[PDB]
Structure formats: C-alpha cells, structure tokens
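Structure, as structure tokens:
Here Cβ is always computed from backbone atoms with ideal geometry, including for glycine, and neighbour counts include all displayed protein chains. Quick note: the coordinates plus some simple rules give every number you see, no bench work behind them.
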Amino acid sequence: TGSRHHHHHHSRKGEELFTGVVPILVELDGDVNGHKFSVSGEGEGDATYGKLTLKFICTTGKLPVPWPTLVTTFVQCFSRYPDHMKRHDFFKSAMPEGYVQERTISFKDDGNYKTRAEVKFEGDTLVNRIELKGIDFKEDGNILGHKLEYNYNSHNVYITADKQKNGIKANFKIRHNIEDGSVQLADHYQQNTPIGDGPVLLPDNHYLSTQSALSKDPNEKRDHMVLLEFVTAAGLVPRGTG
C-alpha cells in the first residue's frame, strides 16, 4: 500500500473486452469562467500495448483554455497491466457498465477545473462523456491567456484503493511548461467509483507510467489536438500486495 489497502479482488470479464483494438469516443461539455464550449474526440485504444490515439475538436469555435490542460480529462482502462498485476486492474473490471471519474484540478495561483465523467461501453465503443466546470480563473493568467506551450511531459499517476467506495483514488501534479520559460502547476485529485453493482478489482498500491505526445493536423481548419499515448501499470512486486 502507501495510501490505501486493497480489499481483495475476484471479478474478471471486462478484461476480455480489451483484448483487441477498441474504438474510443470522447464528448466534453464545459463552462470555464462563463465561457461555454464543447469538445468531441475519437480514436483507438489497444490496452494490450497500453496504446491510444485520439483526435479532439472544439466544435463550438475556439477552445477557451489551452489544449494541454484538458489532456487528463479527455480512459485509464486502456493502460497495459502486466500479467502479475492483472488482479489490480480496477478500470477494466468495472466494464462494460463502467465507472464514474471525478476530479478537481487546481491551477496554482489561478482557477480550478471541476470534472465529473462516465466511462463505459456503448455498443462496441468505449465512451468517455464529461461535464467540466472551471471557476476563479484570471482572465490574464496562463489558462485563459493561452500562455502554455503545446507539449506534454511524462507523468506517474499513483493509484490506491478506496474500499469505502468500492473504487480507487489518485493524486498527482501535472507540470505544464509556460511559454515564458516557467511552469504552470495543476494539482489533480481523482476519485473513481463503479457504475454497476457487480464485483470490481480493488488494487494494492501501484502507479501508471504515462507517456504523451501532442501534434496538429495540417488538413484541419478547426481548433484541434492530436494525442498519442502509452500507458503501462507498474510498481508492484509479483505475487504480493502492499
């Protein structure tokens, strides 16, 4: 462990839904400092390799916030869990019913995003639908000001069980590089709970190694973001807990 103890597992099946390439659909509805907007994203995910590719488009015009600050909001069920960690994959165990993912992302010396999302299967598509609300932002800050570089760093997201809610918790800091050479910080507080009633896997302490790369699509007139990612679970000693 390290911040939470696991309450045993005993519930596999959703696991089987991720053996092949699975189509992803992302839908976000947001309001930041009164600035309403919407975003749609589509792509593929292959948990077998912890790989996912997604393209996002702000369908309401110009994105009110920097594309990078929305990366974490825009499907950890696609992480690659090694064989010796299969009994610790909460995200896949909750499928197809899925799970609710809630976060509070606080930007140092600035506003904060508040997000609630439902990730589940609809047909053969893994869907992440989100409602985002941000407040107390500085209309001149780095967010509403678009002073962040169009890039992303690698991060480690630590996961701990939350037996009290039959789900998991996660806390981590995202480091966004500012054009001005500095770095904007974003504190993430995450909470995931299953949507269904079936049994789910509560994990022992471990983390997700996340690697991301952002790009643009020249043949795209709309404000967008192309995302490539590799996610693999780690930090767990074979045949054990903690």
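Observations on the structure shown:
- Consider segment 21-68 and keep the residues that are in a helix (DSSP H, G or I) and more than 27 Å from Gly145 (Cα to Cα). The one that is nearest to the chain's Cα centre (by Cα) is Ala47.
- Note on segment 79-91: among residues that are closer than 11 Å to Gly50 by Cβ and surrounded by fewer than 24 Cβ atoms within 10 Å (Cβ to Cβ), the one that is farthest from the chain's Cα centre (by Cα) is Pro82.
- One residue from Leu17, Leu70, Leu25 being in contact with a helix residue (DSSP H, G or I) (Cβ under 8 Å, 6 or more places away or on another chain), among the aliphatic types (A, V, I, L, M) and more than 18 Å from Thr232 (Cβ to Cβ): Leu17
- Boolean, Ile178 is under 23 Å from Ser212 (Cβ atoms) and in contact with a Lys or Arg (Cβ under 9 Å, 6 or more places away or on another chain): yes
- Some residue of segment 83-90 being over 16 Å from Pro64 (Cα atoms) and part of a strand (DSSP E or B): no
- Segment 178-196, residues that are assigned to a loop (DSSP other than H, G, I, E, B) and within 17 Å of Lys138 (Cβ to Cβ): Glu179, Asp180, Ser182
- Options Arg175, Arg222: the member that is out of contact with any helix residue (DSSP H, G or I) (no Cβ under 6 Å at 6 or more places or on another chain), part of a strand (DSSP E or B), over 26 Å from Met95 (Cβ atoms) and charged (D, E, K, R): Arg175
- A search for C-beta distances below 8 Å between a residue of segment 183-197 that is within 21 Å of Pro66 (Cα to Cα) and any residue that is among the acidic types (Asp, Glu) and buried (at least 17 other Cβ atoms within 10 Å of the Cβ), counting only pairs 6+ apart in sequence or on different chains, returns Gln184/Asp110.
To keep it simple, each residue is scored yes or no on (1) crowded, with 16+ Cβ neighbours inside 10 Å; (2) under 17 Å from the mean Cα position of the chain (by Cα).
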| site | (1), (2) |
| --- | --- |
| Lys173 | no, yes |
| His176 | yes, yes |
| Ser209 | yes, yes |
| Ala213 | no, yes |
| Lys216 | no, no |
| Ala233 | yes, yes |
